[PDB]
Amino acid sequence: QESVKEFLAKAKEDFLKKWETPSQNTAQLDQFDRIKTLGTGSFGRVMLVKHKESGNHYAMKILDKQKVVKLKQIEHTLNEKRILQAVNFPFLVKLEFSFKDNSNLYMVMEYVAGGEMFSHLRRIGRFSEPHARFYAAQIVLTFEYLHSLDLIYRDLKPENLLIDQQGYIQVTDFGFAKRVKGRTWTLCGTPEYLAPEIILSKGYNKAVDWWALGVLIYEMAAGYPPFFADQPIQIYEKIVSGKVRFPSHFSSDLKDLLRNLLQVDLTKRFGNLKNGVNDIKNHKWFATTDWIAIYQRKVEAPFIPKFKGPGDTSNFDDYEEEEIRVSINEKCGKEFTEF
């Protein structure tokens, strides 16, 4: 545990250099051939693209500037890019290029062809505990890294976790990521994964990421979330109650870990106690977990997506396609100066 605090210390210094002086304007749109939509969102979409000069495939997230401003999401969007360009970790998707034009913002990431954890989980139904643990361990290390940089991730869910060609996780969607040293107050996340203190408008901190990890582990192992209903308000009622029931097949160790992660009381939630992340890493459910081996990506993955080539999108759902329009007039230039 002496290797890791020295690792984190060095990690913080390269992050802070990039945080203080972000990269900008490192490619332009006509360097990419757009192939297929991989997912859509409130402000645009993510497309598979091929970089002409290298022939490499990437995932290009496209955001409409006028719509970002209209829906008051400038700070979250600037956060997303400023943080993603500054971080470096084996289970975080890599931002390779970013740029803007008259109409849009563009973030070009490594293409993670294995698809969303979400798709595989719904298809298989549920993951066995060693399978779930293999993924959970990657998130534990990743939150350890992010939180040490004073970052809060705030949208953990299987839809935002991609499976790479090695079967390892790549975290994407930094849309709500925020660098904060105090509490923060934005109601954001995804309903099933919101901690009680978010719902209750109390102010909250990084402990909400650990609550979300409890939800993720539960959903991975059960095949359904711990709190579900047809409408968010009904989901919120269940979350704040904190009553959780476990599937009969959950091990005793898993149930104990989850009781400690899905703890409504901040005072008592694992990840948020005096021993911090080590309460989690030392829990009996992770006794078989070689944390260094995971970080080094030397553990054999329980599942490897099949890919028929670079550019294969068979592990992704289909989406309706749309022309990408770029105005001949600059939109919202001042708002996105730093992008």
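In this text, residue numbers run from 1 along the sequence as written. Rigid core: the largest C-alpha set superposing within 1.5 Å between the two forms.
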Positional deviation of Cα atoms in 5 other deposited structures of this protein after core superposition, greater for 207 to 215 or 239 to 247: 239 to 247
Taking the root mean square of C-alpha distances over all structures and residues in 5 other deposited structures of this protein, with a rigid core superposition, name the larger of 268 to 276 and 62 to 70. 62 to 70
Output yes if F15 is unmodelled in at least a third of the other compared entries of this protein, no if it is modelled in all of them. no
Is it the case that, in at least a third of the other entries compared (those modelling both flanking residues), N315 has no coordinates? yes
Return whichever of 54 to 62 and 299 to 307 has the greater mean Cα B factor according to the PDB record. 299 to 307
Residue stretch of maximal mean CA temperature factor, 158 to 166 vs 259 to 267: 259 to 267
When you compare the CA B-factors of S42, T313, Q28, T37 as listed in the entry, which one comes out on top? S42
Top Cα B factor in the deposited entry, candidates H147, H249, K181, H120: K181
Lowest, middle or highest third: where is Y236 by C-alpha B factor in its chain? highest
Could you look up the Cα B-factor of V68 in the entry and say which third of the chain it sits in: lowest, middle or highest? lowest
Looking at the C-alpha B-factor of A293, is it in the lowest, middle or highest third of its chain? highest
Place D209 in the lowest, middle or highest third of its chain's C-alpha B-factors, as listed in the PDB entry. lowest
Lowest, middle or highest third - CA B-factor, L151: lowest
